[PDB]
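Listed below are the residues making up each chain.
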Amino acid sequence: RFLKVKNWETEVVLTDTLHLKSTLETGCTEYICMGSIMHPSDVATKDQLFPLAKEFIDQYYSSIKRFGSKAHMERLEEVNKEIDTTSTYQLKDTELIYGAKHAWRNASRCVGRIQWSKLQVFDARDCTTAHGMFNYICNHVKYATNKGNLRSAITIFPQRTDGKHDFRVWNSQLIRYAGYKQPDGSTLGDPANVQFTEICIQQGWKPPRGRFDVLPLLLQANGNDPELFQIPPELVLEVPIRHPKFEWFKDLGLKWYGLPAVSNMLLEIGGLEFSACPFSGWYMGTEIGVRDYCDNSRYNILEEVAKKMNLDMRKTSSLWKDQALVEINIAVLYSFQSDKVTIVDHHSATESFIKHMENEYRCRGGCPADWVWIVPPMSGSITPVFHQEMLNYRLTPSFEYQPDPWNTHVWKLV
Amino acid sequence: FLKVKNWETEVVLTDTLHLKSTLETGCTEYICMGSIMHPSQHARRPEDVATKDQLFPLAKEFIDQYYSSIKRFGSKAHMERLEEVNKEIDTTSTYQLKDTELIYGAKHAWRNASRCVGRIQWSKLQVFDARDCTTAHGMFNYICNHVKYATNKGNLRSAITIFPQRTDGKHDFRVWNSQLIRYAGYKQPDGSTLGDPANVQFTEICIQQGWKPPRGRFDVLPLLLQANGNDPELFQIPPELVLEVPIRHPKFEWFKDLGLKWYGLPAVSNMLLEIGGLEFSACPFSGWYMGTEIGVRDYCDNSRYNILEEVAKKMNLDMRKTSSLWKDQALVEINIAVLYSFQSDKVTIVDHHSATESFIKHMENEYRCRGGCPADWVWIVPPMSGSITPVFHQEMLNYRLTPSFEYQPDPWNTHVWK
Ligand code: HEM
Ligand code: HEM
Ligand SMILES: CNCc1cc(F)cc(-c2cc(C)cc(N)n2)c1
Ligand SMILES: CNCc1cc(F)cc(-c2cc(C)cc(N)n2)c1
Ligand SMILES: C[C@H](O)[C@H](O)[C@H]1CNc2nc(N)[nH]c(=O)c2N1
Ligand SMILES: C[C@H](O)[C@H](O)[C@H]1CNc2nc(N)[nH]c(=O)c2N1
Ligand SMILES: [Zn+2]
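Residues numbered from 1 in each chain as written, not as in the entry; some residues may be left out. Chains lettered and ligands numbered in written order. Heavy atoms only, no water.

Per the PDB record, the structure was determined using X-ray crystallography to 2.000 Å resolution.

On to the sheet that holds strand β13 (residues 272-275) of chain B, then. Residues and elements named next belong to chain B. Across the sheet, which stays open at both edges, the three strands sit in the order β14-β13-β16 with antiparallel pairing between neighbours. The strands lining the two open edges of the sheet, one partner per strand, are β14 (278-280) and β16 (404-406). Each neighbouring strand pair of the sheet contributes to a mean axis angle of 30°, computed without reference to strand direction. As judged from the three bridges shared by β13 and β16, these two strands associate in the antiparallel manner. In the strand pairing of β16, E274 is matched with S404. (Pairing = 2+ DSSP bridges. Helix = DSSP H or I, 4+ residues; strand = E, 2+ residues; numbered from the N terminus. Axes fitted to C-alpha atoms, helices over the stretch in contact; angles between N-to-C directions.)

Attention shifts here to the pairing of strand β1 (residues 2-5) of chain B. All names here are of chain B. Bridge count between β1 and strand β2 (residues 12-15): four bridges; the pairing is antiparallel. Across the sheet, the residue bridging to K3 is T14, located in β2. The antiparallel pairing of β1 with β2 creates a hairpin that spans six residues between the two strands, and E10 there sits at a positive phi of about 70°.

Within the fold, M33(B) resides in the loop between β2 and α1 (52-69). Judged by its relative accessible area of 10%, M33(B) is buried. Linking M33(B) and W7(B), residues 26 residues apart in sequence, is a C-alpha distance of 23 Å. Once you skip the residues sitting within four places of it in the chain, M33(B) turns out to touch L391(A), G26(B), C27(B) and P39(B). (Buried < 20%, exposed > 50% of the residue type's maximum accessible area, 1.4 Å probe, protein only. Contact = heavy atoms within 4.5 Å.)

Within the protein, just one atom coordinates the iron atom of ligand 1: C110(A) (SG), at a distance of 2.4 Å. Looking at the element boundaries, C110(A) is found in the loop between α3 (93-105) and β3 (120-123). (Donors = N, O, S within 2.8 Å, 3.2 Å for Na, K, Ca; no water.)

Let us now look at the packing of helix α6 (residues 291-300) of chain B against helix α8 (residues 326-344) of chain B. Residue and element names in this part refer to chain B. Closest axis-to-axis distance for the α6/α8 pair is 9 Å, and the angle between their directions is 130°. Judged by the angle between their axes, α6 and α8 are oblique. When the axes of α6 and α8 are compared, the crossing they make is right-handed. Contact residues: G291, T292, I294, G295, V296, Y299 and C300 in α6; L331, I334, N335, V338, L339 and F342 in α8. When grouped by side-chain class, the residues that make up the contact of α6 with α8 number nine nonpolar, four polar and no charged. (Parallel < 35°, antiparallel > 145°, perpendicular 65-115°, else oblique. Left-handed = near helix turned anticlockwise from the far one by under 90°. Nonpolar A, V, L, I, M, F, W, Y, C, P; charged D, E, K, R; others polar.)

Attention now goes to the environment of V13(A). As for its position among the elements, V13(A) is in strand β2 (residues 13-16). According to the relative accessible area criterion, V13(A) is partly exposed, its value standing at 43%.

Contacts between the two partners involve 64 residues from chain A and, on the opposite side, 67 residues from chain B. In this assembly, chain A packs against chain B so that about 5,300 Å² is buried in total across both faces, 60% of it on carbon and sulfur atoms. The three residues of chain A that bury the most area against chain B are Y31(A), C33(A) and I382(A), which together make up 12% of that side's buried surface. Inspection of the region where chain A meets chain B yields zero salt bridges. Our count for the chain A to chain B interface comes out at 29 residue pairs in polar contact. Elements supplying a minimum of two residues to the side of chain A that touches chain B: β1 (3-6), α6 (285-294), α8 (320-338), α9 (346-364) and α10 (371-374) of chain A. With ten residues, the top contributor of residues to the side of chain A that touches chain B is α8(A). Of the residues that constitute the side of chain A that touches chain B, the class distribution is 28 nonpolar, 25 polar and eleven charged. (Buried area = accessible area lost by both parts, 1.4 Å probe. Salt bridge = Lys/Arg side-chain N within 4 Å of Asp/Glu carboxyl O. Polar contact = N/O pair within 3.5 Å; in protein donor to acceptor, adjacent residues only side chain to side chain.)

Residues and elements named next belong to chain A. Taken together, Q173, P260, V262, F279, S280, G281, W282, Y283, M284 and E287 make up the full set of residues near ligand 3. Between ligand 3 and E287 there is a distance of 2.6 Å, counted from a nitrogen atom to a side-chain nitrogen or oxygen. For ligand 3, whose free accessible area comes to 450 Å², the fraction covered by protein is 63%. Of all elements in the fold, only β15 (279-280) and β16 (283-284) reach the threshold of two or more residues within the shell around ligand 3. Classifying every residue of the shell around ligand 3 gives six nonpolar, three polar and one charged. (Near = heavy atom within 4 Å. Areas by Shrake-Rupley, 256 points an atom, 1.4 Å probe, with all protein chains shown as cover.)

The next subject is the nonpolar core. Nonpolar side chains in soluble globular proteins tend to end up buried together. Counting residues in each nonpolar core, the largest one holds 123 residues, and the members touching the most others are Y293(A) and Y299(B). The contacts of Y293(A), once residues within four sequence positions are left out, are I241(A), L254(A), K255(A), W256(A), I288(A), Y299(A), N300(A), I301(A), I328(A) and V332(A). The next biggest cluster of nonpolar side chains, apart from the first, holds 56 residues, and it includes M34(A), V372(A), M290(B) and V391(B). (Core = buried A, V, L, I, M, F, W, Y, C linked by side-chain atoms within 4.5 Å.)

As a matter of local geometry, ligand 2 sits amid 16 residues, with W110(B), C116(B), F285(B), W288(B) and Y407(B) nearest to it. Looking at the shell around ligand 2, its residues break down into ten nonpolar, four polar and two charged.

All names here are of chain B. When cut into domains, chain B gives domain 1 (15-131 + 158-168 + 272-286 + 356-380), domain 2 (132-157 + 172-243 + 407-411) and domain 3 (244-266 + 289-354). At the interface, 20 residues of domain 2 touch 19 residues of domain 3. Here domain 2 meets domain 3 over a buried area of about 1,700 Å², counting both sides, of which 56% is carbon and sulfur. Contact with domain 3 buries area across many residues of domain 2, yet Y183, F218 and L243 alone supply 36% of it, more than any other trio. Between domain 2 and domain 3 we count one salt bridge in total. A salt bridge links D196 to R304, with the shortest nitrogen-to-oxygen separation between them at 2.8 Å. (Domains from an automatic or database assignment.)

On to the packing of aromatic side chains, then. Residues and elements named next belong to chain A. Summed over the entire model, instances satisfying the criterion amount to 44 aromatic pairs over all chains. Ring centres of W170 and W406 lie 6.2 Å apart, and the angle between their planes is 55°; this geometry places the pair in the tilted category. Placement of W170 in the loop between β5 (168-169) and β6 (179-181) and of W406 in the segment after β18 (398-400) is noted, with a sequence separation of 236 residues between them. Residue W170 is classed as buried on the basis of its relative accessible area of 1%. Note on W256 and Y257: the rings are 4.9 Å apart at their centroids and 25° apart in plane angle, and the pair reads as stacked. Taken individually, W256 and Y257 each receive the classification buried, so the pair is uniform in this respect. Feature note: the residues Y177, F212, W256, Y257, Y283, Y293 and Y299 constitute an aromatic cluster, connected by ring pairs. Against the face of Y143 rests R151, its NZ or CZ located 3.8 Å from the ring centre. (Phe/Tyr/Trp six-rings, centres within 6.5 Å; stacked < 30°, edge-to-face > 60°. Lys NZ or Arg CZ within 6 Å of the ring centre and 35° of its normal.)

The subject of this paragraph is the domain arrangement of chain A. Residue and element names in this part refer to chain A. Here the domain parsing of chain A yields domain 1 (16-125 + 152-162 + 266-280 + 350-374), domain 2 (126-151 + 166-237 + 401-405) and domain 3 (238-260 + 283-348). The straight-line distance from the C-alpha centre of domain 1 to that of domain 2 is 27 Å. The largest per-residue losses of area from domain 1 upon contact with domain 2 belong to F157, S275 and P278, which jointly make up 27% of the total buried on that side. Counting across the interface, domain 1 meets domain 2 through one salt bridge. For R160, the salt bridge identified is with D166, shortest N-O distance 3.1 Å. The interface formed by domain 1 and domain 2 contains nine residue pairs in polar contact. Of all the secondary structure elements, the ones that give two or more residues to the side of domain 1 that touches domain 2 are β3, β4 (153-156) and β15. In terms of residue class, the side of domain 1 that touches domain 2 is built from twelve nonpolar, six polar and four charged.

This is how it looks when you write it as structure tokens:
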């Protein structure tokens, strides 16, 4: 079977055969579509792990034109011995790099995947303690940041064993700003991080209580209680936000960090689960300008910005929110570009994703993609992805969601 | 039970209405086709003249639903209606809806349109019964009355006009226009396009049918009307029935000189209305615009009027790189001008902020009274400023309820001319 997708702007039609390889569930049924559900849908047994390992080893050896080779067949037998004797197995370095790259290649919600094959993989599977995790993360940050010339990277900590010895980064990203609920109901800093800020304070973090405090790392090794570490400030690259035309913009006192580094997801490769695998790229401007700064539940600066623009805020039909939103996103891109910190605007990024998708259809037989996430949160239909039909399905290796660790961790101290 | 969450407010709604869905979405548990424009060809009865065991179950389903809707399931009138429909199919291979059943079915097809953000208005629909029509001249008369009623001097009113249902498939009524009012599009000798490029092919059919094109940028197309399967016929809508808004800007005096206008009445006329297994192939329906439809899609799509370059030029923006967001900046001003213009001339229009807020309220009402509301996030979220509208942050379930509006083939792909 084949499935066709069409671009209604260009009338290009692409043919998807890759979906036949898909694995788990989308959440949809034959009679209900759950395409807009954010999160739809203890550890594996010996019998569950065998076919998962085989499928991955088979696809790795197919990718390197050695399917059926002597090395293919011996690797399969070796993997089987490990599962039989130890109930799990260990990836070779080559397979770990391949697995990490393809989890990114398969991330249907990521618009930046044209870069998937240029990913720096830091093998941190020898780590045993939170102090070790801190060291590996500092090196990751320093390498990825590269003085503003940002480089994609992932650091992979020991895989899950019995489920009782998980490695976890408790932060949702390596670098985020704290949030503080005030007695009067207002919020200082990032409202999204109020709860995680509370957890850090309880663990002994002494907060400066400002609007852009870089949070400490909260690191869990081997299922032990997590521990606090301050990222050395010289490794946190930040950009003060100014506007090329409104000289008053800098008086907003806005800044942001340069490195987007997701640290709460789970990396699954051949049935193995890497519960701590922080990865980073570089920003698309709308992540900051639209979501971080203008979500009502976030820094929520639209009112303040429109006021300084003297816009008429009496009625919605004046589109004052729309006008202010554009200017804010102009300033974000101008600021990063001026400080020579890597950033991509939504027009350039969506254009590259369409080229990526077409190449993937030609060379791989498809490209799973989540339209709801791929279309930027402003100016949707003037980007080419809006007009692009997409098919969403789950391939493995994959990045997955997992519960927040504080909802499952059982504490040990006193 | 299935839950949807709003990530702005943390409201969670519980859906049980999906348990009444009838047609495939196109998705499976392994593949989601939520961004496919036409994902599924699952129809409720085969192409034309169904057998009795094919049509009667669909009719029984709808009459059952309608009589349930009015607290009369199993009543005398319900069981007589079942026997009546049973005899009509036995003797004519079809059946006829009562006027009340037609109105019920039309309102619920709108209520069930998962792609429509304007559905909070669904029960305020004026239904014009045109099932007595026999010729294209009569169709033109019915359509003129619809346009005049729905326009109402700028105070627009939602309406639908329903022509005779399909019988054997050779006697279809069709409006060949995709909307009652659209602008012509012309292929220029050099290679570009004048007017609306989306209507180049339809404009050619009209010209090839004897239409004398004024060959301008905003030439209201004629109506091409097909009655009882005969060849379609051209009619010019009296221009005094076609309300148009000239587009100007509340700040930019030069904006009026772009010479843009649009029409006030959006009237979809190429869709199919399906009620109880009956297929009404000509059912033009109209409401009032959301501003983004004109200012974002009609004006700023690359393959439509494509005016961003022009507007940005006049705005003196840096169009050297995409990162200056010169496209986004011009885009806002254009949509400001559209709202200001319609509102200045007292022609009904809604912005995307008010429309999306209304829809959230509609969703809440439907979950409260009906146990669900089918909605297509891909279509509901406006094509600009997505996440500063509340629908962007609203999870939605999509499923297909009947009665419904469906797509159908363009009639020039199927019509055997005489
Ligand atoms: C190199 C530049 C990159 C760009 C410009 C980019 C862009 C984006 C954007 C805009 C999102 C949406 C984020 C949100 O709205 O929360 C996203 C999501 C995502 N990205 Fe990328 N990305 C990049 C690199 C990477 C890398 C290196 C990886 C992993 C190795 C990755 C994996 C993902 C995943 C898994 C998601 C889904 C996140 C979720 O479900 O919450 N991306 N990306
Ligand atoms: C009264 C004000 C109304 C508003 C503001 C409104 C708004 C909209 C918008 C913005 C769309 C997307 C259109 C597009 O992108 O092409 C749409 C689609 C749709 N509307 Fe509504 N609408 C209204 C009335 C109605 C009425 C009266 C009906 C039927 C009786 C209806 C049925 C539909 C259907 C079936 C679609 C889907 C069209 C398709 O799939 O191509 N709407 N509406
Ligand atoms: C909740 N969604 C996860 C998330 C949150 C976030 F703030 C940023 C990113 C992200 C990640 C990468 C690798 C590049 C990029 N441009 N953005 C992802
Ligand atoms: C194939 N696209 C369907 C379409 C095209 C179009 F131009 C306009 C509308 C529409 C219809 C109604 C009743 C209200 C409204 N505001 N818009 C729908
Ligand atoms: C409800 C909806 O699924 C949710 O708000 C999604 C919409 N699309 C998104 N797209 C991106 N890139 N990031 C997001 O967080 C979301 N949120
Ligand atoms: C590919 C994609 O599904 C297609 O471009 C859709 C997206 N959402 C839309 N939404 C609306 N309201 N109208 C449209 O025409 C479209 N087009
Ligand atoms: Zn789906």
